[PDB]
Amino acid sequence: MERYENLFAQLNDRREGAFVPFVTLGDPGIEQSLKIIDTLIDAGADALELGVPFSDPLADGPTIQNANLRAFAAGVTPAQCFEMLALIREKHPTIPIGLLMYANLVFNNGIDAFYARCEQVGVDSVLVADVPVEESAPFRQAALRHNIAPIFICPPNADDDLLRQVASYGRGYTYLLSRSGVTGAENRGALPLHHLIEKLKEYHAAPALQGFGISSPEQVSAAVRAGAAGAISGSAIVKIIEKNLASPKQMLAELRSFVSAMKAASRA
């Protein structure tokens, strides 16, 4: 979890918010995915959120559904994902890396063993999308035992009990959900509810990143202006991959321009 602490300390010192792209590991293929991620980092990504392809991603809309499908078409497995993660960490020693997991992939052959593998390859956080705080005990315990930050979600209609639980249980960053629904660029989430942001700070929660439907620099700026420590964008990034499948070079150039613009907006 220390890589997030260092990041947010550095960003705070520079009066900056974080920009954090999401992509699916191995989309559209292992080698291109590795190049995609290098381009995201070089373009100014402060951290990464990385999906392990899952058969039934129920928190995800069609864009990221199709990213999972492309990765599977390339034969991507969780083992190959961990091979990629080793390579990424080898090149980039300080960038925080979070995984976006579904429960069955973590639970499959042992929760503890899963977080152990995460620690071994140098992952910094794990967000399990279909495990609410109410079911989280064995996941967050295993995470903390292996120096992994467990990431929890603060929904728009979070009550006080939930805010206190999320603040206590989570590490690294707090996920501030922009809206209900599933992932999707077309469905724009609202402004960071200021009451949630200030309440999380009051409870000493990990710094908040806003996510879902964040697909333009204007939204990134608004998130940081509202008091969030940064913003996550997934589907907007993945749509650039999908659009340029036939043009690997154009894909990377467009990813670079987009990410640069999104990051610049976080300095506002």
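So that there is no doubt, residue numbering starts at 1 and follows the sequence shown. Rigid core here is just the name for the largest C-alpha set that superposes within 1.5 Å across the two forms.
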Core-fitted, the stretch whose Cα atoms sit farther from this form in 9 other deposited structures of this protein, 25-33 versus 206-214, is 206-214
In a third or more of the other compared PDB entries with flanking residues modelled, does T183 go missing? yes
Find out whether the coordinates of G122 are absent in at least a third of the other compared PDB entries of the same protein. no
On average, are the C-alpha B-factors higher in 205-213 or in 239-247? 239-247
Quick check: 49-57 versus 218-226, which has the larger average CA B-factor in the record? 218-226
Given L85, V126, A103, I197, the residue at which the Cα B factor reaches its maximum: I197
Can you tell me which of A113, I153, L193, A137 has the highest Cα temperature factor in the record? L193
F19 CA temperature factor, ranked by third within the chain: middle
Modelled-residue ranking by C-alpha temperature factor, third containing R188: highest
Please place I37 in the lowest, middle or highest third of its chain according to the CA B-factor in the PDB entry. lowest
Third of the chain's Cα B-factor distribution that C81 belongs to, per the entry: middle
Binned into thirds over the chain's modelled residues, the C-alpha B-factor of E90 lands in the middle
